[PDB]
Each structure stands twice: as structure tokens, then as C-alpha cells.
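Shown next as C-alpha cells: one chain only, the form deposited in one PDB entry.
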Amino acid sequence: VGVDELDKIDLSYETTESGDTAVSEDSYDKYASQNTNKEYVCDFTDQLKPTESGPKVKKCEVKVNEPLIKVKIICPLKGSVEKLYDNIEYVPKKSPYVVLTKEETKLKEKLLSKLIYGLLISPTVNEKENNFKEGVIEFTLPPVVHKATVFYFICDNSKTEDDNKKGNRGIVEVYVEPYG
């Protein structure tokens, strides 16, 4: 693919961790990624379904300090099930090539490959493109990492409403501690 496509980045917006919800950081549901072999997984399909106590913030924390770790994030697709994800949005649109980083109090887009130097991003994942449009993104972290880096993905279902239930906002925080 052309470099115009792979470096497609959107700097014309900013967000916070809570976004448009009124959920403070004290009230987040924080939990760790699932450790399956050397693959760390944030699966949002169950976590973001409309609940009566919605919107919640579901924050999946990926802490990396081992080499060659695969990170996989699943964001449930609009219309994958009826009603449950009808208004879901994901940010950045060009994840995993584009990630959010914390500039001051705001999250803004940055190229992940510019952020971590030996980064491995496959263009496809099980023959579907590596993009939340197909519901799964994946990347592999380098053999060594000099400087600690933190970045974010958003999978936000809080605009989805099903009767008395509202979907949840999902956050992935990836924290790469220095290793190697």
C-alpha cells in the first residue's frame, strides 16, 4: 500500500480518556488484558454491551515489558448483533498505524511507528484488513525498547441506547516499559 495511506493521520480533533461521558477516572472499571501465550488481548465484545448502569468506562490495561509481544484488540462491529452496537465508534480510524497519545490533558493522534521504532504491523489479520472496520487490530512490539511509551485506543459504544440500557466507553491503555 502507498505511504499516503499508511501515514493517514487526523490531527484536527482531540479527546480525553473519558470523552463525552461524565465518568471520572476514580469511577473507571480498570482491568488487565488477557494473557494468552505471548498475546495480550483486550476483548470489548462483552464489556461494551448496553447495561442499565451505562455508560461505564471500561479501561483495559496492557502492560508490556517483555519482547516480541503481540497486542490484539477486538472492538465489536456495528450490526454484528442486533441493536447492541448500533452507534459504536472507534478512534483512531487508522488504528493500529495511528494511536492516541497524551499531549498535556488531551489525547491526540500519533503514528505508532514514529513512536516505537522496531514496530511490526501486519496489513491483515486472518485475511481481513488490520483496522477496526473489520473488528480486530493487531501489532507486535520490537525486540528492545529504550524509552517508556504510553498510547491509547478508543472503542466507544456510549451513544448506543437500547431501552433503559446504554453502551459503555472502552479504552485501551498500552504501557510499554523499557525492556531489553
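Whichever C-alpha set is largest while still superposing within 1.5 Å between the two forms counts as the rigid core. So that there is no doubt, residue numbering starts at 1 and follows the sequence shown.
Trainee: Of the two stretches 51-59 and 142-150, which shows the higher Cα B-factor on average in the entry?
Mentor: Comparing 51-59 with 142-150, the higher mean C-alpha B-factor belongs to 142-150.
Trainee: Select between 30-38 and 126-134 the stretch whose C-alpha atoms have the higher average B-factor in the entry.
Mentor: If you average the C-alpha B-factors of 30-38 and of 126-134, the larger mean comes out for 30-38.
Trainee: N164: which third of its chain by C-alpha temperature factor?
Mentor: Top third by C-alpha B-factor.
Trainee: By the record's CA B-factor, is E104 among the lowest, middle or highest third of residues in the chain?
Mentor: It falls in the top third of the chain.
Trainee: Within this chain, which third does the Cα B-factor at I116 fall in: lowest, middle or highest?
Mentor: Top third by C-alpha B-factor.
This protein has a second form, the form deposited in another entry, left out of what is shown; the following refers to that one.
Trainee: Is it true that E17 shifts between this form and the one not shown by 2 Å or more at the Cα, once the core is aligned?
Mentor: After core superposition, the displacement of the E17 C-alpha between this form and the one not shown reaches the 2 Å mark, so yes.
Trainee: Does superposing the core leave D26 with a CA shift of 2 Å or more between this form and the one not shown?
Mentor: Where the cores coincide, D26 still shows a C-alpha shift between this form and the one not shown that is 2 Å or more.
Trainee: Quick one: in the other form, is the Cα gap between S18 and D43 smaller or bigger than here? Answer closer or farther; it shifts by 3 Å or more.
Mentor: Pair moves farther apart in the other form.
Trainee: So the CA-CA distance for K102 and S18 moves by at least 3 angstroms in the other form. Closer or farther than here?
Mentor: Closer is correct, given that in the other form the C-alpha spacing of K102 to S18 is reduced by at least 3 Å.
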